[PDB]
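Quick setup: the structure tokens below cover two forms of a single protein chain, split into structure 1 and structure 2.
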Structure 1
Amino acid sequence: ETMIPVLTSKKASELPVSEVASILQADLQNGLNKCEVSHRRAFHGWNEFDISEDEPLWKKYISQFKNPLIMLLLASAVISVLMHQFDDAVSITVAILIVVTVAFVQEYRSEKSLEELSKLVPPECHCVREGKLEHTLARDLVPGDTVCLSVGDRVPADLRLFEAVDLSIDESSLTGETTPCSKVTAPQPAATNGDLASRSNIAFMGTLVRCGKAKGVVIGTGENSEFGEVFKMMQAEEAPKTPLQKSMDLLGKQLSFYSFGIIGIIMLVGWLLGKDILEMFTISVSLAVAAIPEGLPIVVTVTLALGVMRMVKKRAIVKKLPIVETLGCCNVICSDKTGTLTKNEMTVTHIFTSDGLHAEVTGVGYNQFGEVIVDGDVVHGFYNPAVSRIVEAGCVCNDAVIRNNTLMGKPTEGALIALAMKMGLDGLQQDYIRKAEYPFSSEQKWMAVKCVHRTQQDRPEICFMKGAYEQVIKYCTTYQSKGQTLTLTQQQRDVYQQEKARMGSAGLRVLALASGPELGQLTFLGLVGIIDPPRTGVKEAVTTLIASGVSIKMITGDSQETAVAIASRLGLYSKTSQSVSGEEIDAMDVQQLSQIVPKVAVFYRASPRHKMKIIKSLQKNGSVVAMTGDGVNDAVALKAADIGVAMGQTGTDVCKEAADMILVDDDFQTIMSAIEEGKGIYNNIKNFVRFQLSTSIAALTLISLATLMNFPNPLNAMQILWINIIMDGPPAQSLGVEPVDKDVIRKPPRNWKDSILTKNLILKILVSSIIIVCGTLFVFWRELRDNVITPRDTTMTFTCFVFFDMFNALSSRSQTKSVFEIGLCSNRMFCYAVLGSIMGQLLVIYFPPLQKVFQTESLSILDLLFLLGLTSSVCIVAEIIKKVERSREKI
């Protein structure tokens, strides 16, 4: 009854077991009955929360339709419709349909790939009902149910523990702590209950039980657990607008202002001249319709879709095009540590024998991959007796079992199992029969077993112990040295202590091993260094990112020592750096955080709110901040961050949803490939924008000048259509599809205040436009001095304009490198397009049918050569400017 008010983990931790049971009306021994479970499920529902609420396809279509450039395109389409411009409206609607169709197809494919990659099995739960243990699905849980936890079990819901022996729960998923947290059934004081990791009497949903047996009572199901509050916070923060979208909006506003300026200028010119108002107004609106280019969205969408497809081919799914743009223009990259920077898989890396030999173990994870190297020599099997004895002691005295690269047991024991597997001694456990077992406990801090060989049962009993050095060395009396048994002296003990301290100073966890006939007279074997190593290929990637001008910071909820060791190993920590805890982050506000966070680089013991605050503080300075992670605090960080990078294997569903790209193989080379692709996309967009703006400005100026005085429209409809095809067609697409240069990807990241339209680009556009219009006006001046209108004037102007457009496109192929630096062939599509256009022009000016259709005349070889030479000043001037800029650069 009482509708079963949900108890938070805080209050459940504060109140004792009896009070919680009385409040929840839960039977600890006999469990719940079916009728009560159904009654409680009728209100609280199932143990699920809605993830990725997907709207129908029409909503996504409308969302892709909603773009300021698209709105400008429809505005231009309707204003052309009111003046009976059918061709312009058809072109605009075709461009809009193509852009939205491509965007919808790409997003649908990305969503399908995300759904297929993330395969989820319905988890089960062990609970007692009516007094007999029966296995239910995790969804059927209701508050008050008594849940039994075993080794390897995944916690389905929040539990108030009342029975637990030697329980160890891996909370790296929720808190990021690599070391499993011991659980105690005693109530916790309110003073020490502030932190999540300090709640040792609460079992959190989604965590993995690594050791011990537990019995708890459900206190929260669904969105009321600790995995529901983080989800609520996730759907409470607005992702910030991408710099690509801001640049697109700024460019659209600039284009609208430019169109308004030109129509006002034409209005003023017409008023000054004395022409009629209505025809001049119609001409102004027609010129405005001719402005606002329509191919920019097509080119941008095509280039970004090609980049997305390339990223997919590189094992990386991208939800949005501005997402990959944000990754390309990233400035600061942050990282969770436990999970994306480290394998979250304890592995033995250093072995020290009783004889003094040092052994290095390579490889990461719970897999047989890896080799043990002693003095530059690979050791396999029983090659080295000293290392082999340690491996045998760690393998026989082991209860952890790894199946299909999944560890069931203590991570430290899994490290020893993996080390034994790397040496080819995986089956050493089956060769002995464990007669007497002493289990590992916090008080004793050691574990010893007694066993006899399967086929050598007549051999005397041998006992192996593992644990802390201090406890193991008490039962050790002799040591082995080069196959000889010598009594353990005080000097040897001091040497072992020195080695243990040296290994601990490097962040390695020291475990002692021994073997002998009976407890107390064991022989010391050696020490093994167990650490949680970083993922392969991460140190080089971090070094490359640091050398590229991108700062790398670490935010994690683990201990200070582990974070410091990991950062020092990866190069993010030194002897002069500083570390800031979560309490220090919560201490100051705004200004002091802004002074502190950029200087520091290591954050330890950080709550999800602390990570969100750090992300917001980094965003306040204006730098683009990136973060990668696999947890829930990481998920809320990616939600607060502009760019979200997740892991497709070790990550969670919440982390994957909160992110914006998912990594399949858990690599960073893919991340810098995305950065390079984004830089190339930005360069191509800049070049295409410059070329199209210059061409549009020149064409509009020429049309306005022609209409202004006397001769009305000295060009036929077919010539105008072919001109419109050339500038905004295959040449434009080929310019927008320009590949990635090897020099544009070795540059410092673009600043936040940098925009596409710069003063240099504007000056180059103006210079090219004035040169083109001067050449065309000189040609038309010679033809008007001829004082005859016999299609020769029209065809000469048509060819001059076509050649000027081609040379402008060739000049705008690159903005930094010269013409003879990227290759004449380069894009095969560009060569095909220019060859097709030039043969079409030759047929138009040569074939009598096409000549009559286009109203052209015959041109001799000398005239064609002179035209080719004259319409080359744009390319020559642009190359001279580029060469001057290049000189001065280095100079």
Structure 2
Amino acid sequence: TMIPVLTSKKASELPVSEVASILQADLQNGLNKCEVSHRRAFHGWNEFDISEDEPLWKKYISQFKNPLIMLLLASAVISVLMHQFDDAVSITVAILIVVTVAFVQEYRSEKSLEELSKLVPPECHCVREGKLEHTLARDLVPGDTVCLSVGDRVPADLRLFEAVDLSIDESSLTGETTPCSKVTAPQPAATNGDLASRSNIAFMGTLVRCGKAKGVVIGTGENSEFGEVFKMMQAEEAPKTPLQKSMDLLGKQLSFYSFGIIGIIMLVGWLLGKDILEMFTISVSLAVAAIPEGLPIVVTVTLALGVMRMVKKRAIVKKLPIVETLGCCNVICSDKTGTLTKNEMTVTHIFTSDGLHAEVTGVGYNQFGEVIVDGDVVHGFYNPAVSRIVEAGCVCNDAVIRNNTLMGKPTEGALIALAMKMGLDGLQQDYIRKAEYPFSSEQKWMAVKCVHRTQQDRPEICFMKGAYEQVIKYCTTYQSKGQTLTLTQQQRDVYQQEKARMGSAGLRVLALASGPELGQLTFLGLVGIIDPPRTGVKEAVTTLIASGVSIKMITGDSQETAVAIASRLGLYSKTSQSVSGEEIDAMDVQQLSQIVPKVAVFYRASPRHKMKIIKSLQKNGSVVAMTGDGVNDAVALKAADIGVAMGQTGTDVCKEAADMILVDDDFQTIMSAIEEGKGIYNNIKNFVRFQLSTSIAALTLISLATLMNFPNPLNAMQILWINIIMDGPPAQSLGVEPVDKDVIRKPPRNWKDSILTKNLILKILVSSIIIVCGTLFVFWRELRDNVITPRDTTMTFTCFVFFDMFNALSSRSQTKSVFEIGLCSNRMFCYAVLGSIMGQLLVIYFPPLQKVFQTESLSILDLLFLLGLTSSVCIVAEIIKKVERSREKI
């Protein structure tokens, strides 16, 4: 009927009896089908939400929610209410074409090229009516009895009542590399403050390392340790991306300036005494043209292109604004347990009793790897000492690795991987174990007795593995260069010094011995077990440091491993300092601001502490790219800027928290994202420059026409066509222009800055001045003596169109010019240029088009003269750009 959802705190406080009776849970019979169904109906399913996928309706509707779109719609309405329908129809057709093309492209391409993000369902074991039933964890109910074995994943919060040497790896939500032993007796309230201190509870999403246990589920759904994190992350209003705010501000400023200039032009015309209707129509057309109606479309196109480029490099970006925020990052955080270093112990250094030093290459529980001693490769039984050490580590073992997954203790898995690297994966099968001494905390050693299966007549050989202090007590002799010599005090001191040196580097020293009987075994050597960083981590870190981006590391694990990992990655200096989470919480934030950017190591931290660190780093002004792979980081990933979550060794919460998903865990992918973002920003800047130059030229031409009271060189239809060309498919083609190698070697962009540079403004002004001067010269040559003809208007329109095409051609690359990118790469820009040229030709040479547009036919000689005249601006622009770049670079 009614069951309270017991938290791990209270459940840990209480014992088995009243916890079981509170939930009406039977420890042996479990729950019946009817009770399970009722609990399912009340509490719901055990799995989390699956979010909501937006259908096409409001996805297409939202494209009309831009303020510029509202302005365009209002302008079209006022145009259709003047009983003309021409400008209204043209504007409606243009906006419909642009919006439909952008919507179909984005929706279809994103829905077709983002179907590789598939997940897998979890598994669990349940007992009902005394029968062990294999059922999914997705249907679990509170009060169920769940059996825990080696290698399985804990399905929910389990109140353990029976446990036999159970070991659970909780690094997913705590970050502690060392597994914590699990007990049955309730914990005191005084020691029940920390999450890891709960040794009598089982957390969801953790992996059982060793032992077997049975527990009763206390909380299923959104009311667990994952549930509280999800509740805290529910709203979690993230800051808006800088690109969107900057684009909105630029668009608003441009619209305000255009409206002011339109009002000034209208006032001047009213004082000049001209036709109010024609002036109003021209002002409306100019207001439509000047404001950027294609800037959001080109931004969306560039973001989609970046998403596809990321996908081609095994990445997932399930939203638009992510692509243009990684390049602005100045500081990058990283979690040691899962992102920089996997949760896998691998032997790296082996010490031999005779003084030989061995280095092991390779990571992971796989046969990949190489063992090199004195610069020579050792495989199989080539080196008797290393072979004996590997045999001791493999035969005296209890863990088995199946399908690159470890079932057993991490050190045993490291030993098995080391044996696999030399090709001795099946070495344990040649010995039949007879007597076993299980490893225990008190003894701190494990010993086994075994004989060869084909050599049973051989005397029994005992292999012992454990701590150096315990193995040396049962050791009396050692092997040196194939000779058995008595172990002396000097050799013991040398071994102790070697162990201390290994420990100073963060290596976990493990001792090995072999002999016929206990108390006589022969020392073989020491093996260094340590969690190693991923192969593609050091190079990426070095590249990021050389790029001018600071890197910080948050550990959440013991201090020694933190400093060792930081030193191995080069992020820690011997003169640097680290601060714990308790000191951060106790000490006031007002002074912590000066201490947050000078440090990069945080051995002890909490999800709320990580969020506080994130907020402090962001409050002074910066963009933070913090990664993560567990629930410990999920809230920090969500409540920050762009975050990258590993999609292989990760949880179902980090994938949703972080937009960037790597199906394969790697770090070099961030550099490609930064380069693509820089290229997208360069393309956006070039498009903005071209649009601003065209708008400024048109505004200056109209102002000059209105000022000295001479007939306007262009009508409403020509201005509308110019606007369509300026902010149409040709405009969107400027953002699809391919990337280059010049902007790649550039340091992170600094925000709170204007996108218009001095050189860009000067180039825009020069282009506008040249276009206006050419148009004025053509006009003066047209109506020179006494003639006024619509052919003059057609010539002016053609000259303006040709100038726009030439400006667009030269604006494709900000630093390159013609004959540098190839010019014949089958460009959508070239296709759009050809289409616009054919449309202009059709308009010029069609009696209906000539009637509506008030134009006239031209001649071949006139076309040749126009082509030869509308080419000076591009040549001089490219020449001045080349000479300026050469003088300022060489």
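Take the two forms, find the largest set of C-alpha atoms that superpose within 1.5 Å, and that set is the rigid core. Numbering runs along the sequence of structure 1, starting at 1.
In a fit on the core, which one among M248, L72, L488, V374 has a Cα that moves 2 Å or more between structure 1 and structure 2?
Single residue meeting the criterion: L72.
With both forms fitted on the core, check whether the Cα of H126 differs by 2 Å or more between structure 1 and structure 2.
Passes the 2 Å threshold, so yes.
Kindly check if the Cα atom of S769 is displaced 2 angstroms or more between structure 1 and structure 2 relative to the superposed rigid core.
Indeed, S769 is displaced by 2 Å or more.
After a core superposition, would you say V779 shifts its C-alpha by at least 2 Å between structure 1 and structure 2?
Shift at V779: 2 Å or more after core fit.
How much does the C-alpha of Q106 move between structure 1 and structure 2, in Å, given a rigid core overlay?
Its C-alpha shift, to one decimal, is 7.3 Å.
What is the Cα shift of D54 between structure 1 and structure 2 once the core is superposed, in angstrom?
For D54, the C-alpha ends up 2.7 Å from its position in the other form.
Core-referenced Cα shift (Å), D660, between structure 1 and structure 2
Rounded to one decimal, the shift is 1.2 Å.
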